[PDB]
Visitor: 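Below is one structure. I have some questions about it.
Throughout, numbering of the chain's residues begins at 1 and tracks the sequence. What's counted below: heavy atoms across the whole structure, side chains too, no hydrogens, waters or symmetry copies. Atoms within a ligand are numbered from 1 in the order they appear, just like the ligands themselves.
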Amino acid sequence: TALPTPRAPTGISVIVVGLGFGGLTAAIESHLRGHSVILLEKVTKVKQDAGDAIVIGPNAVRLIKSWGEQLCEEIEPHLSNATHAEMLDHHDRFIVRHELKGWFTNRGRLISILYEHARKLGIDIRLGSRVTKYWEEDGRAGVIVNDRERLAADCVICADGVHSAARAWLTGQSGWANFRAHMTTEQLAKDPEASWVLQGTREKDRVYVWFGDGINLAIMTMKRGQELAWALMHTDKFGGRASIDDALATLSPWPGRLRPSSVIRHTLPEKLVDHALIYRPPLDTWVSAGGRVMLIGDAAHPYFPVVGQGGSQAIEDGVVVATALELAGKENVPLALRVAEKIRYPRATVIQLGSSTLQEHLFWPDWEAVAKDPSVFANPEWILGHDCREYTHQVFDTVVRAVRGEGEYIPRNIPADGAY
Ligand SMILES: Cc1cc2nc3c(=O)[nH]c(=O)nc-3n(C[C@H](O)[C@H](O)[C@H](O)COP(=O)(O)OP(=O)(O)OC[C@H]3O[C@@H](n4cnc5c(N)ncnc54)[C@H](O)[C@@H]3O)c2cc1C
Ligand SMILES: [Hg+2]
């Protein structure tokens, strides 16, 4: 069915904050499971950036496809035809060639498709609604919208990103930045020191990633070589500000700076951003003291962008929350959030800690171990082949007994003796 009908009304009212991957998933899955949903987002429109490429893992694709058959046909023209990424070191020397189902596509174009699909389902989405001043009573929780309107519900699902005000409220208590840019390759094609990046681009999109000396640079061609995007993770970050001279100065110490610098120096000033990255250690809890406010997504577990699972885990967060609310019922909303936390926390934390350790291995690699084995340098099956919704149905009763103290719970959505 291109438009699935929701289950019978469960009587549970849910307030979702954020139009990201966590918020949209929480709203869509909750609506289809019978919950009464309102989604609050501060922006007036989904931001569209041609240089914001993202990878969605198969564990999240299968969840998205279950919301409607047509969604695959909508994303198909926006999927990259790139198949492999060429990995080089900071001397511009080849290391290994890595692959990359899965969706390698544009962020804003995928959010727009999911947002339009949510409106076709009849979900109450309210843009231009800035949320703050979270509050909680016995039996209800809520927010304040635009400092003029009070809203209340059975629970509040906070997916407001890394800069979460809800996390600051719930808790009460890094130096990394990321350049990102998009460009058209007309002027770059006239530079012989930079025209190399257009080689074989009409055939398919090419991906180049450089690692070393605390810097990561990725260059991705698009549209038969007519456009390219790039991203640069670094610790040289000094209102907002972005300058191409800072990106070039970051690459200056590299012995193999010539080929990458010759490309990115053609970036137009108005198409370059330099955002600070936010990482925090795993939280003690995602659920408020009263039990009716819960953090999901980046608000609960920000990752280092090297695992390609931040959006997928935010999607898994929203599906499990909506599933636990359906299985618990109206009179056990606090139990539902505690159950979803105990299911999700081990899986999201293993990946969170895995991104921090993998971050060290990629920005300051042990080149002697990489020389003897580069295939390790470049995601396992316990992540990609997982079905969060079926696992939640399988262990829900066991987790309820563990939350109420009746029994034990062994998490099996993570590998035994598992680091990442
Ligand atoms: C450089 C980089 C590369 C990445 N690459 C990938 C990748 O390839 N694959 C992948 O899966 N993940 C990737 N990620 C991670 C991914 O971006 C995030 O994990 C994911 O977007 C988290 O979603 P979210 O819903 O939690 O938050 P967000 O997507 O950040 O959404 C937060 C939303 O809440 C809104 N909001 C904030 N405050 C308020 C408020 N007070 N009231 C109302 N609304 C508010 C914001 O406008 C926003 O729409 C990457 C991250 C980075 C930094
Ligand atoms: Hg498809």
Visitor: Side chain, backbone, both or neither: which part of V131 has a heavy atom under 4.0 Å from ligand 1?
Guide: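 Both parts.
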Visitor: Just need the protein heavy atom nearest to atom 26 (O) of ligand 1, so name the residue and atom and give the distance.
Guide: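 Nearest neighbour among protein heavy atoms for atom 26 (O) of ligand 1, to 0.1 Å: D298 N, 2.9 Å.
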Visitor: Of the backbone atoms (N, CA, C, O) and the side-chain heavy atoms from C-beta on, which set of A53 has a member under 4.0 Å from an atom of ligand 1: side chain, backbone, both, or neither?
Guide: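 It is neither; nothing of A53 touches ligand 1.
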Visitor: Please enumerate all residues that pass side chain to side chain contact (heavy atoms under 4.5 Å, CB included) together with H84, with sequence neighbours excluded.
Guide: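 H84 satisfies side chain to side chain contact (heavy atoms under 4.5 Å, CB included) with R97, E99 only.
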Visitor: Is it the case that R344 places NZ or CZ above or below the six-membered ring of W286, under 6.0 angstrom from the centre and within 45 degrees of the axis?
Guide: no
Visitor: Just to confirm my output: which protein heavy-atom neighbour is closest to atom 11 (O) of ligand 1, and how far is it?
Guide: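 Its nearest protein heavy-atom neighbour is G311 N, 3.0 Å.
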Visitor: Tell me whether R107 reaches ligand 1 (any heavy atom closer than 4.0 angstrom to a ligand atom).
Guide: yes
Visitor: What is the closest protein heavy atom to atom 36 (N) of ligand 1, and at what distance does it sit?
Guide: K42 CE, 3.9 Å
Visitor: Please compare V55, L295, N216, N178 and report which has the shortest non-hydrogen distance to atom 1 (C) of ligand 1.
Guide: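 Considering heavy atoms of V55, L295, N216, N178, the nearest to atom 1 (C) of ligand 1 sits in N178.
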Visitor: Using atom types as modelled, flag every donor-acceptor pair under 3.5 Å from a side chain in residues 297-305 to any protein atom, sequence neighbours excluded.
Guide:
residue: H301; atom: ND1; partner: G297; partner atom: O; Å: 3.4
residue: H301; atom: NE2; partner: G297; partner atom: O; Å: 3.4
residue: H301; atom: NE2; partner: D317; partner atom: OD2; Å: 2.5
residue: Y303; atom: OH; partner: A348; partner atom: O; Å: 3.0

Visitor: For ligand 1, which atoms sit closer than 4.0 Å to a heavy atom of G161?
Guide: 27 (O), 30 (O), 32 (C)
Visitor: Do any heavy atoms of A231 fall under 4.0 Å from ligand 1?
Guide: no
Visitor: Are a donor atom and an acceptor atom from the side chains of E326 and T10 found within less than 3.5 Å of each other?
Guide: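 The answer is no; no qualifying pair exists.
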Visitor: Answer with yes or no whether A165 contacts ligand 1, where contact means a heavy atom under 4.0 Å from a ligand atom.
Guide: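 Judged by the 4.0 Å heavy-atom criterion, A165 does not count as contacting ligand 1.
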Visitor: Step through it carefully: locate the ring centre of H90, locate the ring centre of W367, and say whether they are under 6.0 Å apart.
Guide: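 Ring-ring flag for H90/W367: true, centres closer than 6.0 Å.
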Visitor: Numbering the atoms of ligand 1 from 1, which are under 4.0 Å from a heavy atom of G297?
Guide: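 The atoms of ligand 1 under 4.0 Å from a heavy atom of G297 are 26 (O).
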Visitor: Tell me: protein heavy atom nearest atom 47 (O) of ligand 1, and distance?
Guide: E41 OE2, 2.5 Å
Visitor: Contact between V17 and ligand 1, counting heavy atoms under 4.0 Å?
Guide: yes
